[PDB]
């Protein structure tokens, strides 16, 4: 480990920073690790560059249970990550027939895991029970609502946690490249047959050589190399509203509130800011782009970066749905002004499992992407398994789920309600 050189492409991001962290913990020599990201860690265009994220339980795919438990343990006990986890719990709510059904079935799925999750997860069938966990609601507001309360979760101070990894990496003497000298252009090969990767070249022409390369470029991964449409990148949206300390006080330590027909909000941070998201299948930004491995040009959804273009917001349609979420959850704040309107990018696989594997042809080159919009929670632990993969030690439960799988389904729809619409058809964000 001490004599192996690793390049982590996108190391200023969620899966990338986690990987560089666990390389250091595993005893890799800091000077042998090179983080290449367009932006310095925490990357300003990273999906994890956010006031907060939700930490919650999900049992959709096979490794999800173990990954979640693994992450929880670390969010609660790892001194590096512990300050950034706010265990206020989460309550999912609904008042529709289909919505309440989904809540009940979800609850039952937790039980069917058979590990005792009913001890920290509760079905709330009455108004009183809902108001008890979320005193800021009014009784009239929640008429007909049912709730599912998960006591294990809460929210995460996202950018702060990635910055915490970054501080450590830099203290340790990890090598960095940012800007054009940090922006992956193509991999380097020993022979023209392309079967042995020996490094990467960035868009400025700078070459970096290493034993192994990890591609953790999030929503950009599919643009940089050909993933054969395994990964379709999509934008989700959020707005902010600012509360006074007096307005914020009713929401202190209140659970994350979610409703699948509206979206979610998180309690005001130390500055009185509430972030609100809607729920929708996402937006693509289609372009032709020549990834490598294609390397002919190919239509791929390419992120329109808010970091490189701060004057971008979100479509008009998103303004509507975000305001509906605010009316649903926070009607007393309907006249609050929305601001820091922005788009946040992820990349979906067909089955919403990760794409974490060695490239089929380019040995030495490893993919660590396919976050599918639900992987910030895995910040503390995902790097441990990326390292296991590098070392040939990744267990089958993860390896099989994360394997190279082109043609395994339509990633444009993925596991969501619909194929994503494209930003070219949604006016207002420019």
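Positions refer to the first chain, counted from 1.
> Which is higher on average in the deposited entry, the C-alpha temperature factors of 412-420 or of 5-13?
That would be 412-420.
> So which stretch wins on mean C-alpha B-factor, 298-306 or 209-217?
The stretch with the larger mean CA B-factor is 298-306.
> From 38, 372, 396, 52, pick the one with the largest CA B-factor in the entry?
Result of the comparison over 38, 372, 396, 52: 396.
> Highest Cα B-factor in the deposition, which of 170, 86, 332, 289?
Of 170, 86, 332, 289, 289 has the highest C-alpha B-factor.
> Within this chain's modelled residues, let me know which third the CA B factor of residue 67 belongs to: lowest, middle or highest.
For residue 67, whose C-alpha B-factor we compare with every modelled residue in the chain, the answer is the middle third.
> Which third, lowest, middle or highest, does the CA B-factor of residue 56 fall in along this chain?
Its C-alpha B-factor belongs to the highest third of this chain's values.
> So where's residue 385 on the chain's Cα temperature factor ranking, which third?
Ranked within chain, residue 385 CA B lands in the middle tercile.
> Considering every modelled residue of the chain and its Cα B-factor in the PDB entry, is residue 28 in the lowest, middle or highest third?
Answer is middle: the recorded C-alpha B-factor places it there.
> Taking the entry's C-alpha B-factors for this chain, is residue 178 in the lowest, middle or highest third?
Answer is lowest: the recorded C-alpha B-factor places it there.
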